[PDB]
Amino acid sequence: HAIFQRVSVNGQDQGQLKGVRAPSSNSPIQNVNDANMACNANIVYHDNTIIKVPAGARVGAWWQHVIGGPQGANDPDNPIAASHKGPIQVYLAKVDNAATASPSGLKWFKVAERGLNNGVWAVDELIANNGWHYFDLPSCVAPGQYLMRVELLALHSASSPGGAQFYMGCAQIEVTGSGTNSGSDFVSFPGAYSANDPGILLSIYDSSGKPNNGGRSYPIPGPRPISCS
């Protein structure tokens, strides 16, 4: 359990909860067809900040166990429980106004993904970076208003149908710059994922119980991220 609550753009912190729609109370989604798979349920924090992100920028998304982080407490499950290994991905959906747009029934395209690399998951990197997930918004992304959905998929129980846990939230962004590419390989949320996808229904464990996926590659679910080639 963890909540996306803050964005950085090229190392500039945009402010706690600025432009990030967040619940205060996050259970995971475990049904890939849940209506709230886009931007999560029971949003409490929703301001009218629209974050300017240059195409090409390095974007940080901050996650903490609870809203505001531990504020000095020793939380072993901050930024997220270490057991919760999995990928982190980012999608965009174009909207007319990112402050006011509803998340339902949009067309999403993938702009970044990170999975498993030499036994290290994206979630491990998140933990190493104190809750920050970094990715590069590709330089070709067309300017305009978008919701930016950051999704963490925890696979510690994913060997059982329905056992995968999806954590997500949406930031309100305006992409600026010189890009012209609006996406190619679009999905619905819900609708992107099957519960039998091999990156959703799998054992990530070797025989000793190490969550290193046993030397197997991890097939990240969803469409391919856009390429600027």
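Numbering starts at 1 and runs along the sequence shown.
Asks: Quick one: higher average CA temperature factor, 98 to 106 or 124 to 132?
Replies: Of 98 to 106 and 124 to 132, the stretch with the higher C-alpha B-factor average is 98 to 106.
Asks: Could you settle it for me: does 4 to 12 or 220 to 228 have the higher average Cα B factor in the PDB entry?
Replies: The entry gives the higher C-alpha B-factor average to 220 to 228.
Asks: Going by the deposited entry, which of 168, 173, 32, 59 has the highest CA temperature factor?
Replies: Result of the comparison over 168, 173, 32, 59: 32.
Asks: Which one of 89, 117, 145, 157 shows the top CA temperature factor in the record?
Replies: Among 89, 117, 145, 157, the PDB entry lists the largest C-alpha B-factor for 157.
Asks: Can you work out whether the C-alpha temperature factor of residue 163 puts it in the lowest, middle or highest third of the chain?
Replies: Its C-alpha B-factor, which the entry lists for residue 163, ranks in the middle third among residues of this chain.
Asks: Thinking about Cα B factors across the chain, which third does residue 81 belong to?
Replies: For residue 81, whose C-alpha B-factor we compare with every modelled residue in the chain, the answer is the highest third.
Asks: Can you tell me which third, lowest, middle or highest, the CA B-factor of residue 28 falls into for its chain?
Replies: For residue 28, whose C-alpha B-factor we compare with every modelled residue in the chain, the answer is the highest third.
Asks: Relative to the other modelled residues in the chain, which third contains the C-alpha temperature factor of residue 188: lowest, middle or highest?
Replies: Residue 188: CA B-factor falls in the highest third of its chain.
Asks: Lowest, middle or highest third of the chain for the C-alpha temperature factor of residue 93?
Replies: Ranked within chain, residue 93 CA B lands in the middle tercile.
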